[PDB]
Amino acid sequence: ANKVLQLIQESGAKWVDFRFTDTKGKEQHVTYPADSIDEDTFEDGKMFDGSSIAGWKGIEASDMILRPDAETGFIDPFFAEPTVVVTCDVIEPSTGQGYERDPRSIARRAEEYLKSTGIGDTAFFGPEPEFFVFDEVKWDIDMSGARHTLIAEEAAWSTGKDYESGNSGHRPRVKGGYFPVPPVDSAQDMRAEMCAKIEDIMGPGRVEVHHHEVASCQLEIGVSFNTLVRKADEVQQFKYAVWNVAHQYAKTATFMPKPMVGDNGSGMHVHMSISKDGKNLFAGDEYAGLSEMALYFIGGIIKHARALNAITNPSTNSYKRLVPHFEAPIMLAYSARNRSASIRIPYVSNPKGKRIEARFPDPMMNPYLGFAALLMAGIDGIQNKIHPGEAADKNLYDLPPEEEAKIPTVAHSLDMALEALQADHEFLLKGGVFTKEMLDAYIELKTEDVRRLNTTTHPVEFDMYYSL
Amino acid sequence: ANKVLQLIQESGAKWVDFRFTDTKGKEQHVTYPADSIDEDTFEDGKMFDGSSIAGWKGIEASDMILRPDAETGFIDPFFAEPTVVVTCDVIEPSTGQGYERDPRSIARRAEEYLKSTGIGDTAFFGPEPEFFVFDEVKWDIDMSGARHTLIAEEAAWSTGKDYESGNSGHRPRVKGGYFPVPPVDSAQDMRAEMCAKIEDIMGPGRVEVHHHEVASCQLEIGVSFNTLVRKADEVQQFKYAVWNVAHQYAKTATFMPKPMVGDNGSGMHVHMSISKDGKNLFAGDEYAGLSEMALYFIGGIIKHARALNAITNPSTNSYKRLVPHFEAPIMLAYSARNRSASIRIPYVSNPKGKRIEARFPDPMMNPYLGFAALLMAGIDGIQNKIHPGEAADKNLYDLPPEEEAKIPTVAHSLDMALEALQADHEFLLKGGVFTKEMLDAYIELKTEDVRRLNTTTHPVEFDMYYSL
Amino acid sequence: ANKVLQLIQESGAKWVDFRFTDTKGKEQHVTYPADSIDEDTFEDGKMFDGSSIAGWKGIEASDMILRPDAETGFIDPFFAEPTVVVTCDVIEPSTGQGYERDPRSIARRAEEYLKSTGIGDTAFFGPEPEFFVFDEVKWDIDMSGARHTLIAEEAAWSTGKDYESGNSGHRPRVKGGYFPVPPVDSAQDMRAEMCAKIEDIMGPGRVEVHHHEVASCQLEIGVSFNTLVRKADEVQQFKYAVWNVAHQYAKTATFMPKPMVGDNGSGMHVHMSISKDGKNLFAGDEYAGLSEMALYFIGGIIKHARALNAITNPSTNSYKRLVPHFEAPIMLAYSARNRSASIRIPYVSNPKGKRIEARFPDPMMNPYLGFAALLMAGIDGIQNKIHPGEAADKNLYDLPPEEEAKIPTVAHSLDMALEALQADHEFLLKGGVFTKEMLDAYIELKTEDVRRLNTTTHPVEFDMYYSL
Ligand SMILES: [Mg+2]
Ligand SMILES: [Mg+2]
Ligand SMILES: [Mg+2]
Ligand SMILES: [Mg+2]
């Protein structure tokens, strides 16, 4: 590979880390010496067993090392070691979505199923994943019970706790960590290092902004928008960076939504634009400078949202975030200037950008699978000229004139989201981007997560039911 | 020795560590000054007493310092010190096996026997030994009772445990921990160091891959295939490297199978090939690119498997791995695409280097004895044109269509495996590779292991029987 | 029931504790009001569910309350509560062994089959169950490992231990503690109370002797022989008494064999006699006052012993006691004055008390199932005139003629015993005493015990295999 192989030469690296992504959206890695890696290897690939997506088949799939980009020197590890975050998973014959389905290939499929539709040359995604960093996190589940504890200095409740260096008393109050200065912020240099590591990985520029999110211990770093299968890869790399930098500060990072109860959850707003021969088609004048194309994109999403939630909100925990609150994207509507609207139109102040922002996804979403599903739903909108309705700007979450009551909402539970997907999977199967078998599997696999939650008695049930 | 003696000169080493292997397969060492090491030493050798090898009278035996491939530089000890990882153990009257039997000699024989039978000039072995690394391990047995505890940060059950740097929460789930990214992985750097040490010992290349195995705390490093004897020497060196690198990380490594219950045990798959005049004899068109030769090799293994188990699975603990879980390759048959198959045929993109994999051996095998046993049984197959029967491509396990009931299995216990060996030792005695006296000794010595287990009450015998 | 119902009247008891035994030989109980209990109850019985074994379509089975030999006025509980130590379990269709098979019924069956063959009117059992009493006992099995710890002041390894009232220094040495006087022997007083409670339960006399057994903390109380079924009921009652009296000393009792390794295990010798017209059939002038009948009884037992072991030694732990040692009745032969002999002929002085003693059974034996199986095997001997061979009181294992290898031994493992039973169940099936279905179930149930042991890594495996 021009990128990879040359990088190997320049780095004098002895080790090459093949990284791919599982159905649940967890990056995985296997490490090879540089000696085995040739240009032909990008074609031929390196083969391996299937133990996460598949089973029974005794599957001996191949890791077709993908080449352009994602050729990043492993910033954290000691020995010079580039990564190939680009490892599409191919069956032995039919060079295709390996195991049940390789997300990256599903996303590649969707890449083609946009030019093929002749709607657009490229699609651009700009996710805003939120994370929490804690000092330490502990949990256990037995017959004895279930228990989980968050530990952090910056935690709102840490006033009154004893510390080695002493307690500064300077910490964010609940919900009140929106940008206060460093005495209380107690991050900054960490975020900076995170940013520096990102730049090592993806490239120069790319990192837009770093700020403290509302909840105690909650941070946001902004990464530039990119095409799918690029941005998707970069999401995984972002996660990696923040995890490891935190670890170097003896702290732990989690992209889970609502880890903390009674403060803000972590959400992954997804900015979206479509381009054709380098013109953003979302530009127009229909709503606040939106093309009918964009309006159709919207509203396809609204139609298929509940089903989309399985993919965009694929964790039981996601629905802890999706509760009746303001700044909670629960209500399926669109408005540039309304919170609680599931969709927002960010003020581009210039027709060039014209993104649309979907606030309902959380970082638990498999980037590949998630971005793809949004597109499929989006284009179903355009194809079937699905009207997004009229933009509700006036009321976030307030009185019911029957209307807001009548307004559709996002899914209440993963259970429900999976039932939704069962009903409405057609748009995905378009272009053969999503095979039914994959969807079947996915749903069953995710159901085990649901099973866990539903089976395991919750501490709160003691509170409600113990003495009845 | 051109290698050794020259290395001594080049290293400016003051000491040479002579290493051999005991019956039980544990490398042993004695250290002599380099001044004592001349060319004549290689012929004459150095004298020493008899322990473990069951010497017992006629005690003074000799260490024929051999020449290993780049006789390891210290790679761990203080002074610069070469080790001659190879030191064939030679009897006072004559030259060959000492006391009951030197494994290395047994392996030297059988190298010859292949050529003697004229079926091939060279035999190729490529083991995949799995190991665990724990932070710490404790056990004790008294009259009071019998107790063992595994301690590790990366252990899946360590969520909720207290640590100095504080609990990261980032650790493998049970059976998960197949290739997650480093926050969870933890052992990247350590595996890398292990690899580096291996290369110090066995020189460049030689290291195929490093990944995290399924079980929490379980790691795999891939080492290149080699001839019998050489590969056996390299197995010992691999074990040594991983042990010591772990020790430098203040951790402990064990090659025992199933130390941890209810997650994967550690197994040593053995890739095997026969070559004659530098051509892969296993390549053909009989089954999935297999020569009749290979098919016959397979048959013999299958026939003698239970007896083979005494050598390939020579620990009571081995049989904790070899269980009805369809994961455990207990069923004696062959297929490229079947997990339950004791023997698997790996997909080779090119017919050169066609091999067969025996998944049933575990790292407790004394590689010398055992590479040997595989060959002897293999060639008995070829010699008697033993047909392996049909390949079980269809089904690993179903609602028992009888069939699976009728399917042959490996052995249930070391006890049984030793009984098996007693009955079926003939193939081994061919070539005089294995003396009866050696087998008789082996059996008795390993019986003491069985005695221990069967004599000592086990904690579970309290679970089941205490209140009865 | 004359006795039960009257007892209820006399006691002014408000409660009746209906007790039966499971396949595994553990007393079970349900407690019902005395108002619920009429004469009709003894005919009709009370219904209950089956989760114990033989999960059916549904297990509506009936507890035929069975007026015992002295239904116990009870002794431990506060409110006066008679127990009907007997409750045969009866199937709704018909009235026989419910579920797989009620042991008590199976035992009654064997009582009848004796008379059916006309060999004898009555069969007599006198078991000598040995137990340990410890101050406290702990164990746990996790992924972390396996542990178990025995704790007692009297334990021989407590010589150096710290005590509240201060260490006396006066305790049994290992194996010593065969009848030292009370300063060392902690159990006078406790054994006495145990005896007193037994008399409460089984009425006056009945208790023959109380002494300290060899091993530290090991005690023996002697209870008079009785008929099959009666004695099996009394076994259960004896266990109950000693358990609960110990609990009143804040201590714990276990009838498990070999709880403590490297001192004596706990064994249940079964003295056996047959009568017809109130005349001892065993008395004669064959050998040490034995009738040919008795000699034939012996033969059958010896013939079927390995299969008998499934019943007489039904715990994996049993084989910790049945280990090649002196004082360990592993050898299948008979003598008056020779140990090592599985069967012994006790010195009666006056015949009519002529018995045979089988020393190989342990207290894990289901008394009902055990007594039964011994009879069936015994009478198969008589029926087929199976010759016991020569009495081996010549010499112990002191002289191995190498024919000692050929000398038959009891089973080495529960696993083996179950394989034995599979092969040799015919004697049991005679008279329809034992259903095939019951035996088939039994075998499978006990296999789970074997599975446990074989699956769970033992502390000692760490000792042997960890650092290899
Ligand atoms: Mg934000
Ligand atoms: Mg935002
Ligand atoms: Mg006794
Ligand atoms: Mg006795």
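Residues numbered from 1 in each chain as written, not as in the entry; some residues may be left out. Chains lettered and ligands numbered in written order. Part of a larger assembly, values for the part shown. Heavy atoms only, no water. Residues with missing side-chain atoms left out of burial classes, pairs and counts.

- Structure determination for this entry is recorded as X-ray crystallography, at 3.400 Å resolution.

## Some thoughts on the overall build of chain A
- On a plain count of helices and strands, chain A comes out with 14 helices and 18 strands.
- Scaling as 2.2 N^0.38, a compact globule of 468 residues should have a C-alpha radius of gyration of about 23 Å, and chain A matches this with 23 Å.
- The dimensions of chain A, computed from C-alpha atoms along their principal axes, are 65 × 60 × 50 Å.
- The long-range share in chain A, meaning contacts at least 24 apart out of those at least 6 apart in sequence, stands at 67%. (Helix = DSSP H or I, 4+ residues; strand = E, 2+ residues; numbered from the N terminus. Rg over C-alpha atoms; globule rule 2.2 N^0.38 Å. Contact = heavy atoms within 4.5 Å.)

## Quick word on unusual backbone geometry
- With phi around 70°, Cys217 of chain A is a residue other than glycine that occupies positive phi space.
- Positionally, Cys217 of chain A belongs in the loop between β11 (207-212) and β12 (218-223).
- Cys217 of chain A gets classed as buried once you look at its relative accessible area, which sits at 1%.
- Its identity is not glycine, yet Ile75 of chain B carries a phi of approximately 55°, on the positive side.
- Following the sequence through the fold, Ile75 of chain B ends up in the loop between β4 (61-65) and β5 (83-84).
- Note on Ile75 of chain B: relative accessible area 17%, which makes it buried. (Buried < 20%, exposed > 50% of the residue type's maximum accessible area, 1.4 Å probe, protein only.)

## Some details on the coordination of the magnesium ion (ligand 1)
Residue and element names in this part refer to chain A.
- Looking at the magnesium ion (ligand 1), one finds its protein donor set to be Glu130 (OE), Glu213 (OE) and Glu220 (OE), positioned 2.1 to 2.7 Å from the metal centre.
- When the donors of the magnesium ion (ligand 1) are listed by position in the chain, the intervening gaps give E-x82-E-x6-E.
- A spacing of 3.7 Å is found between the magnesium ion (ligand 1) and the magnesium ion (ligand 2). With respect to burial, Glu213 and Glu220 carry one shared label: buried. (Donors = N, O, S within 2.8 Å, 3.2 Å for Na, K, Ca; no water.)

## Structural notes on the relation of the copies chain A and chain B
- Between chain A and chain B, the superposition needs a rotation of 60° and an axial shift of 0.1 Å, giving an RMSD of 0.7 Å. Here the transformation between the copies is reduced to the relation of a six-fold axis. The position closest to the rotation axis in chain A is occupied by the C-alpha of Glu164 of chain A, lying 13 Å away. (Least-squares fit on C-alpha atoms.)

## Some details on the nonpolar core
- Counting 92 residues, the largest nonpolar core has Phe297 and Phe434 of chain B as its most contacted members.
- No other element matches the 13 residues that helix α7 (residues 292-312) of chain B contributes to this core.
- In this structure, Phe297 of chain B is in contact with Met272, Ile274, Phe282, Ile356, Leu374, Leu375, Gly378, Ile379 and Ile382 of chain B, ignoring residues within four places of it in sequence.
- Within the second largest apolar cluster, 90 residues are counted, among which are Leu228, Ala294, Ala377 and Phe427 of chain C. (Core = buried A, V, L, I, M, F, W, Y, C linked by side-chain atoms within 4.5 Å.)

## Focus on the interface of chain B and chain C
- Taken together, the contact between chain B and chain C spans 56 residues of the former and 57 residues of the latter.
- Together, the buried faces of chain B and chain C total about 5800 Å²; carbon and sulfur atoms form 63% of this surface.
- Its largest share of buried area at the contact with chain C, chain B owes to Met143, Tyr466 and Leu468 of chain B, together 16% of the area lost on that side.
- The tally of links between chain B and chain C comes to four salt bridges.
- Measuring nitrogen to oxygen at the nearest pair gives 2.7 Å for the salt bridge that ties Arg452 of chain B to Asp463 of chain C.
- At the boundary of chain B with chain C, the tally comes to 36 residue pairs in polar contact.
- Secondary-structure elements contributing two or more residues to the side of chain B that touches chain C are β8 (136-141), β9 (146-151), α6 (230-248), β13 (252-254), α8 (318-321), α12 (436-455) and α13 (460-465) of chain B. (Buried area = accessible area lost by both parts, 1.4 Å probe. Salt bridge = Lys/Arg side-chain N within 4 Å of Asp/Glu carboxyl O. Polar contact = N/O pair within 3.5 Å; in protein donor to acceptor, adjacent residues only side chain to side chain.)

## Side note on the arrangement of the chains
- Looking at the two pairs of chains with contacts, the pair that accumulates the most is chains B and C.
- What separates chain A from chain C at the closest point of their C-alpha atoms is a distance of 11 Å, and the two make no contact.

## Thoughts on the coordination of the magnesium ion (ligand 4)
Residue and element names in this part refer to chain C.
- Taken together, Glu128 (OE), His269 (ND1) and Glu357 (OE) make up the protein donors of the magnesium ion (ligand 4), found 2.0 to 2.4 Å from the metal.
- When the donors of the magnesium ion (ligand 4) are listed by position in the chain, the intervening gaps give E-x140-H-x87-E.
- Looking at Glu128, the relative accessible area reads 28%, which means it is partly exposed.

## A word on the UniProt feature "binding site: ATP" (unreviewed entry) in chain A
All names here are of chain A.
- Residues annotated in UniProt with the feature "binding site: ATP" (unreviewed entry) correspond here to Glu208, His271, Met272, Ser273, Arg339 and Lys352. In three dimensions, the annotated residues from a span of 145 residues occupy distinct locations, with a maximal C-alpha spread of 24.0 Å.
- Locating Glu208 in the fold gives a position in strand β11.
- Residue classification places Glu208 among the exposed residues on the basis of a relative accessible area of 53%.
- Beyond its immediate stretch of four places on either side in the chain, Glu208 contacts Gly222, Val223 and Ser224.
- Summarising the element assignment, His271 is placed in strand β15 (residues 268-275).
- A relative accessible area of 12% means that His271 is categorised as buried.
- Those residues within four positions of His271 in sequence are excluded, and the remaining contacts are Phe124, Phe125, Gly126, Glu128, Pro346, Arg355, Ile356 and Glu357.
- At a separation of 2.8 Å, a polar atom in the side chain of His271 contacts the side chain of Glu128. (UniProt positions renumbered as here; feature names shortened; annotations may be inferred.)

## With respect to a nonpolar patch on the surface
- There is a patch of nonpolar side chains on the surface, built from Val460, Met464, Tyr465 and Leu468 of chain A and spanning about 480 Å² of accessible area.
- For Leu468 of chain A, the position within the fold is in the segment after α14 (459-465). (Patch = residues over 30% accessible without salt bridge, like charges linked within 9 Å, V, L, I, M, F, W, Y side chains within 5 Å. Areas by Shrake-Rupley, 256 points an atom, 1.4 Å probe, with all protein chains shown as cover.)

## Describing the relation of the copies chain B and chain C
- Mapping chain B onto chain C is achieved by rotating through 180° and translating by 0.0 Å along the same axis, at an RMSD of 0.6 Å. Expressed as a symmetry operation, the mapping of one chain copy onto the other fits a two-fold axis. The position closest to the rotation axis in chain B is occupied by the C-alpha of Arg147 of chain B, lying 2.0 Å away.
- Here 96% of the interface residues in chain B have copies in chain C that are interface residues too; the copies meet face to matching face.

## Some details on helix α11 (residues 414-423) of chain A
All names here are of chain A.
- Inspection of α11 places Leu414, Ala417, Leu418, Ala420 and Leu421 among the buried residues, and these make up the whole buried set. An end-on view of α11 places all buried positions within 155° of arc, on one side of the element.
- A side-chain oxygen of the first residue of α11 lies 3.2 Å from the backbone nitrogen of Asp415; this N-cap is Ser413. (Arc of directions from axis to C-beta.)

## Some thoughts on the packing of helix α10 (residues 414-423) of chain B against α12 of chain B
All names here are of chain B.
- Contact geometry of α10 with α12 gives a least axis separation of 9 Å together with a crossing angle of 160°. Comparing their axes, α12 and α10 come out roughly antiparallel. Handedness of the α10/α12 crossing: left-handed. For the pair α10 and α12, contact is made by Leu414, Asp415, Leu418, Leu421 and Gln422 and by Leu439, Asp440, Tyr442, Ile443, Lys446, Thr447, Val450 and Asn454, respectively. (Axes fitted to C-alpha atoms, helices over the stretch in contact; angles between N-to-C directions. Parallel < 35°, antiparallel > 145°, perpendicular 65-115°, else oblique. Left-handed = near helix turned anticlockwise from the far one by under 90°.)

## Some remarks on the sheet that holds β4 of chain B
Residue and element names in this part refer to chain B.
- Reading across from one edge, β3-β4-β6 is the order of the three strands in this open sheet, with antiparallel pairing throughout. Looking at which strands have only one partner, the edges of the open sheet turn out to be β3 (46-48) and β6 (87-90). Direction aside, neighbouring strands of the sheet carry axes that sit 35° apart on average.
- Summarising the sheet, β3 and β4 pair through three bridges and their orientation is antiparallel. Bridge pairing in β4 places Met47 opposite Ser62. (Pairing = 2+ DSSP bridges.)

## Considering the pairing of β8 of chain B
Residue and element names in this part refer to chain B.
- With six bridges joining them, β8 and β9 adopt antiparallel strand pairing. Each bridged residue has a counterpart across the sheet, and for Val137 the counterpart in β9 is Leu150.
- The antiparallel hairpin formed by β8 and β9 contains four residues in its connecting segment.

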